[PDB]
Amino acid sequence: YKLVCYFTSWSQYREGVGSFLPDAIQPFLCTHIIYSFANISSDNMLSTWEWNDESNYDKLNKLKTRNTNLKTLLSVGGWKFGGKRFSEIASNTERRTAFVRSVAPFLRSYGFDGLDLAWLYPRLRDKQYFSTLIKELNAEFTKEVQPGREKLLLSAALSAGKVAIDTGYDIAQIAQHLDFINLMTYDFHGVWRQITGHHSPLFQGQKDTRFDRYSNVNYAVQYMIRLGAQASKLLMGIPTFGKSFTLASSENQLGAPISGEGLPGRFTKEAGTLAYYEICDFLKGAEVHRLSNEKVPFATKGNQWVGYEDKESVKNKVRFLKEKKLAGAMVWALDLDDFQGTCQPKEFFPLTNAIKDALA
């Protein structure tokens, strides 16, 4: 089984104990570590994003001297990068070719073992170009490998939303040219629903609305397989973060009315999002409810409501992905796990280690 772990560059800028650097990662935690995100220069070439990315690349590859089988990948794109730019590059043969050719020298220069594609998200007019890009990256990596080196890995972060998949992805085509698929099986329940909901339920709940039937881990996985992704290619995404809501009234059950995003956490400073280490604090004095159908916990206290992942639900999701014979787990993200052991004494990365243990 693969355990593919994302972490973010911007997590370094959080205050105090929230600041995350790659040298805080246990070298044997993950099989693959992905650095998010790289940019693309105006000359259409893969490049760093922050002024100091090189030094973090160095801190990341120094890990591989302590675990020589550890693989690192660089993720290009991300939400901030936007779809517009990828549409601009991929749909133009010269811009796309400049990028494809720019990828491998960069990765080798900084000691990376592969590229992760984070085009969030291709629209209908981009679908085929998306395919082409992947093919052309795969071809290029095939043409680039030499003796003494291992062929560059190619992965892609794909949406777990049915509509996004139908709109953007030619699944059967791209799955053949990707070493693995990072399935983003989380963040399923936006605040536009106007009710509380868990953002990463394993199965559908008691309700059977249009939005309810598709927005769960099981449907996304089975749908990806039905569309021609190989189970051996699929990595099931598991979040370390919770999605939160401010309650409109005393009702705090699943489906209760909300007045907006949850109050931001002290360190992540993003309304509606909580890192696991912020959730640990939140749980003191809170009610934890375990969803029978969805197999995941939410916790509530005062007018705050957060759906999240703990050790148990993470282990159960690993059991699910094993029954489905998936390639393993993908984790977003290490910097949102309790990486410093704040929650429990000397338990570093409790969620990711729980995933690793359940995979063994």
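So that there is no doubt, residue numbering starts at 1 and follows the sequence shown.
Higher mean CA B-factor, judged across 159-167 and 266-274 from the recorded values: 159-167. In this crystal structure, the stretch out of 105-113 and 178-186 whose C-alpha atoms carry the higher mean B factor is 105-113. The PDB entry assigns its highest CA temperature factor, among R149, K207, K243, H289, to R149.
The top Cα temperature factor in the record, among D335, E294, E312, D43, falls on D43.
Among the modelled residues of the chain, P239 sits in the lowest third by CA temperature factor in this PDB entry. Per the PDB record, residue ranking by Cα B-factor puts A220 in the lowest third of the chain. When the modelled residues of the chain are ordered by their C-alpha B factor, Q230 lands in the highest third.
Split the chain's modelled residues into thirds by C-alpha temperature factor. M330 is in the lowest one.
Per the PDB record, residue ranking by Cα B-factor puts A38 in the middle third of the chain.
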